[PDB]
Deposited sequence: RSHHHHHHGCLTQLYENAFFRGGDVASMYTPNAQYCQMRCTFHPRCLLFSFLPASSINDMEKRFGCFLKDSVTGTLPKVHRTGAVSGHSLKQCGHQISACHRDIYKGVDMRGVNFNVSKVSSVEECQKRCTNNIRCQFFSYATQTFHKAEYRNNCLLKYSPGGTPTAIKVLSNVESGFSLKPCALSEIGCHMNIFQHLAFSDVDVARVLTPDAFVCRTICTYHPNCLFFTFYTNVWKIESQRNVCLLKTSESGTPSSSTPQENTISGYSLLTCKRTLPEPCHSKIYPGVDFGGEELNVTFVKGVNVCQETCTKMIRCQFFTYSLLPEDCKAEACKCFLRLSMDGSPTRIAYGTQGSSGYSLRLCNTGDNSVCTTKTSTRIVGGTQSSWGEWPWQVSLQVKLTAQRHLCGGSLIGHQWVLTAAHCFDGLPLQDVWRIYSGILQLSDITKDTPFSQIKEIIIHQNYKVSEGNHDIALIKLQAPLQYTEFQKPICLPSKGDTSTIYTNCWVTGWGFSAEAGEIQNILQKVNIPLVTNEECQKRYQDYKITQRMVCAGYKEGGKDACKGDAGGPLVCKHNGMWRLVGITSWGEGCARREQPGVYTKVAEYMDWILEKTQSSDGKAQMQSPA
């Protein structure tokens, strides 16, 4: 299943399938996730190895048992792919690396005022995969304040150096943040030419397009259909690029279908899996396993659960079948595509769903941006007027976690509208879709006007589909990088904020919080956060929203915004419901309702 655990001071021996340079272990893990054979990775930070060639080395590995020998190596980081991890699978990597130079082809150089502006330029340039920003103090005077846009084979830097006054990062195309947008155009009976970066067999042009989208050096493609009379031409998916970034020519050709990478689409990218089953076709590859199963959908499930399976063929031949079960051939190849696509077969083929990514275990702030906090929701009541009252956190397709006190005046579910995948409240019109409540589950021990057990589950009438802008937060099973978000007041006697706000706040021990609030019992089921001087806090209209902390590269929901004495006062921390202490309640209530 999903294995997010990391191994400190550890390096796996052998099983090597690919290597590259990455700025950190999380980016290496992402490459492992998307690589067709990687199950395990090991990463060397520059401090961990003298050998210049091995610093920032990312080593992608496979094993027929899913396990490898490992050695102690100070500073090395090892882990698993995130295959089988559902919505945790994403190619979005927002991190900026200060004091790091990521080398490649420096195809475009311009002046900018910040590393964030350089990143936006990279995101909105079709050829840019990664960038470096040379600050005012960069040693080469002729690069000071310049943004260098870059590409490389495979989209990984050709070298990574520790270097002062350089700040590097990746394009945010895979965060669905491009402003250029994307061409959904499919051209029938039309071929492209240019530079072929890969050649694979696909059952249709749509699989070809998704493979192009996630291939670092694909910008557009041409598919040759199974109608070709020339056998060696059939089902060929050519992944392509051009020195310019756009096709330099087009050629009319029967039984050819062309299109573009969808990596520059806004809000939502195609899912990085091919979920259709194809009747009458056989997908050739190396045999992993054969078992009898009850129908082709179970065969798909079997392939998905066997993490090395890439694709399968379910046989409908009588010699391969019993009364209600037939042979399911689990297969793989070097690149995740079949080695042969044969039609006129008695059987049905498809792919593993292991990478399909569709529960998991403000005062003094600044404006958020798209996809930063994709679990944040707005809880609103419509009577005659409509107004935002509370936040919430998406924790599954049909579940939001919030504060019980949001419902004190209106526990009736019928007047509530829940907005998700929204940054600015001004964007909501009478046309904007919203979720409706099917069930409110207020904690059994919560009492109106009292602070204990301030936690409620909301079951939506319809599931939400995940996008880069709308997806869940993982729940916990110490923290130093915690953030609170919402549209609440920006002053104690303040107003609702149009743009979702964020603020970074340190956690405070219960001991300390209890000293600040001598009139209330601060329990082990509460968590507190704030500054001695105040000035940064949640406020009215933020309640029920998230307190999230990023630990070992992973966001998790640590608190639910609950109360404070006023907002952002000196020596008066915010108090949050401590989600870890309600995990038994969350799992029981969601399993019992479901």
| remark: The answer, as deposited-sequence ranges with no C-alpha, is 1 to 8, 367 to 370, 374 to 379, 496 to 501, 619 to 627
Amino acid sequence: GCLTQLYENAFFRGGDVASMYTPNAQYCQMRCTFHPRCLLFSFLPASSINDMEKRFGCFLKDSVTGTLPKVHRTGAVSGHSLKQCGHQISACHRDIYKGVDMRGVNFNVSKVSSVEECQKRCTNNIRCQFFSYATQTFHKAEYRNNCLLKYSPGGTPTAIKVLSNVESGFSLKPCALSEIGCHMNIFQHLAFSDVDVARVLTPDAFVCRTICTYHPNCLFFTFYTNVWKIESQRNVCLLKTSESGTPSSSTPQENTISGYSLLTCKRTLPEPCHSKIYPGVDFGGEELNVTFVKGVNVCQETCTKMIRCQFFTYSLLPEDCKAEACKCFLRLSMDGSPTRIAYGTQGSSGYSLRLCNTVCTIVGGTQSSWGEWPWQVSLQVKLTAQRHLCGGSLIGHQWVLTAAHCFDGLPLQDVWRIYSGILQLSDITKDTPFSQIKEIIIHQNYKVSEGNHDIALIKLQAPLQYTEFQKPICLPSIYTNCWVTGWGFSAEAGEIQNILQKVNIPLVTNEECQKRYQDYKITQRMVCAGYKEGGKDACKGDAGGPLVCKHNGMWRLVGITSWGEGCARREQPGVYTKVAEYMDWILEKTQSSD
From here on, numbers count along this sequence of modelled residues.
| task | Determine, for stretches 84 to 92 and 229 to 237, which one has the higher mean CA B-factor as deposited. | result | 229 to 237
| remark: Ranked by mean Cα B-factor in the entry, 329 to 337 and 449 to 457, top stretch is 449 to 457
| Going by the entry, which of 180, 316, 484, 342 has the most elevated CA B factor? | 180
| query | Say you rank 288, 105, 522, 306 by Cα B-factor from the PDB entry; which sits at the top? | reply | 522
| message | By the recorded C-alpha temperature factor, relative to the other modelled residues in its chain, which third is residue 534 in? | response | highest
| task | Grab the CA temperature factor for residue 67 from the record and place it in the lowest, middle or highest third of its chain. | result | middle
| remark: Of the three thirds of the chain ranked by Cα temperature factor, residue 383 occupies the highest
| field | Among modelled residues of the same chain, the CA temperature factor third for residue 29 | value | lowest
| request: Could you say whether, by C-alpha temperature factor, residue 586 belongs to the lowest, middle or highest third of its chain? | output: highest
